[PDB]
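Asker: Just passing along the structure, written as structure tokens.
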Amino acid sequence: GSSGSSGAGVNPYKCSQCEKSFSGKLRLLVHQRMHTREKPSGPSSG
Ligand SMILES: [Zn+2]
């Protein structure tokens, strides 16, 4: 349970990477691919 739910989107699939979501399992996956990294662009931060 969550205390306070205003405008809580109702999607069957929600991108774990960002606050993205889709009504189709596929759409998500294909979208989750964008969050991929082949080479170490920048150094570690955070
Ligand atoms: Zn995403």
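Residue numbers start at 1 in each chain; chains themselves are named A, B, ... in the order of the structure tokens; ligands are numbered from 1 in the order shown.
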Chain A near ligand 1 within 12 Å: what's each residue's closest atom pair and its distance in Å to one decimal, counting only C-alpha atoms and all ligand atoms, ordered by chain then ascending residue number, as a tab-separated table?
Answerer:
```
residue	atom	partner	partner_atom_place_in_ligand_line	distance
A:13	CA	ligand 1	1 (Zn)	10.9
A:14	CA	ligand 1	1 (Zn)	8.3
A:15	CA	ligand 1	1 (Zn)	4.9
A:16	CA	ligand 1	1 (Zn)	6.7
A:17	CA	ligand 1	1 (Zn)	4.9
A:18	CA	ligand 1	1 (Zn)	4.4
A:19	CA	ligand 1	1 (Zn)	6.7
A:20	CA	ligand 1	1 (Zn)	5.2
A:21	CA	ligand 1	1 (Zn)	7.7
A:22	CA	ligand 1	1 (Zn)	10.0
A:27	CA	ligand 1	1 (Zn)	10.3
A:28	CA	ligand 1	1 (Zn)	7.6
A:29	CA	ligand 1	1 (Zn)	8.8
A:30	CA	ligand 1	1 (Zn)	9.3
A:31	CA	ligand 1	1 (Zn)	5.7
A:32	CA	ligand 1	1 (Zn)	5.0
A:33	CA	ligand 1	1 (Zn)	8.0
A:34	CA	ligand 1	1 (Zn)	7.0
A:35	CA	ligand 1	1 (Zn)	6.5
A:36	CA	ligand 1	1 (Zn)	10.1
```
Asker: Apply DSSP to the backbone of this structure and, from chain A, keep only the residues in alpha helix (DSSP H); write these as an MDAnalysis selection string.
Answerer: chainID A and resid 25:32
Asker: Mind writing the picked residues with N, CA, C and O atoms as a short mmCIF file (atom, residue, chain, number, x, y, z; two decimals), in the first residue's frame?
Answerer:
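Final output, saved to part-v3.cif:
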```
data_model
loop_
_atom_site.label_atom_id
_atom_site.label_comp_id
_atom_site.auth_asym_id
_atom_site.auth_seq_id
_atom_site.Cartn_x
_atom_site.Cartn_y
_atom_site.Cartn_z
N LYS A 25 3.75 -5.12 -23.87
CA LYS A 25 5.00 -5.69 -23.37
C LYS A 25 6.16 -5.37 -24.32
O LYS A 25 7.22 -4.92 -23.89
N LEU A 26 5.94 -5.61 -25.61
CA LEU A 26 6.97 -5.35 -26.61
C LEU A 26 7.44 -3.90 -26.55
O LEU A 26 8.58 -3.62 -26.19
N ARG A 27 6.54 -2.98 -26.90
CA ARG A 27 6.86 -1.56 -26.87
C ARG A 27 7.88 -1.24 -25.78
O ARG A 27 8.84 -0.51 -26.01
N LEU A 28 7.67 -1.81 -24.60
CA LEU A 28 8.57 -1.59 -23.47
C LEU A 28 9.97 -2.10 -23.79
O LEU A 28 10.92 -1.32 -23.86
N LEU A 29 10.09 -3.41 -23.98
CA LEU A 29 11.38 -4.02 -24.29
C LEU A 29 12.15 -3.18 -25.32
O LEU A 29 13.23 -2.68 -25.03
N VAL A 30 11.57 -3.04 -26.51
CA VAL A 30 12.19 -2.26 -27.57
C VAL A 30 12.63 -0.89 -27.07
O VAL A 30 13.64 -0.34 -27.51
N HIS A 31 11.86 -0.34 -26.13
CA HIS A 31 12.17 0.97 -25.57
C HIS A 31 13.28 0.87 -24.53
O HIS A 31 14.07 1.79 -24.36
N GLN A 32 13.34 -0.27 -23.84
CA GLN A 32 14.35 -0.49 -22.82
C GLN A 32 15.73 -0.67 -23.45
O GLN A 32 16.75 -0.54 -22.77
#
```
Asker: Could you pull out the strand (DSSP E) residues of chain A from DSSP and send them as a list in words?
Answerer: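 Strand (DSSP E) assignments inside chain A correspond to residues 13, 14, 21 and 22 of chain A.
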